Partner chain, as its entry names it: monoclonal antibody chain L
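The chain below stands alone and is given as structure tokens, in the form deposited without the partner chain.
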């Protein structure tokens, strides 16, 4: 169907995901500096029943479950990230991933990127 292209950051703690002003965009050698902008969206799960650590999935701006929102729109579960010189345009030339055809890229960030307590690179 539709996936985030970039695995997920797991929230082992209680604090939400947060990034300094130019940090948090997953590395993707197939993308350009213009594309480095998007959002993480939270998804939690309950599995005798137990809620599990939330997963934050990244989606480029204009794609995914919140493709309608513009950068900055305030909504719970949504946090926004951008690299300095990215353009505020929908990234339809990137879109989402079909897991049938494509495995997720293991999400890593440039060495130095600061994470909250409950998250690991």
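Definition used throughout: the rigid core is the maximal C-alpha set that superposes within 1.5 Å between two forms. Positions refer to the first chain, counted from 1.
- Unmodelled residues of the deposited sequence between neighbouring positions residue 47 and residue 48 number 4 to 9.
- 110-118 and 3-11 differ in mean CA B-factor, and the higher of the two is recorded for 110-118.
- On average the C-alpha atoms of 78-86 have higher B-factors than those of the other stretch, with 54-62 and 78-86 being the two compared.
- Highest C-alpha temperature factor among 69, 43, 37, 27 per the entry: 69.
The discussion below concerns the form deposited with the partner chain bound, not included here.
- Residues are counted as partner-facing when one of their heavy atoms sits within 4.5 Å of the partner chain in the bound PDB entry; in 90-112 these are 106, 107, 108, 109, 110, 111, 112, in sequence order.
- In this overlay on the rigid core, residue 113 has a C-alpha that sits 2 Å or more away from its partner position between this form and the one not shown.
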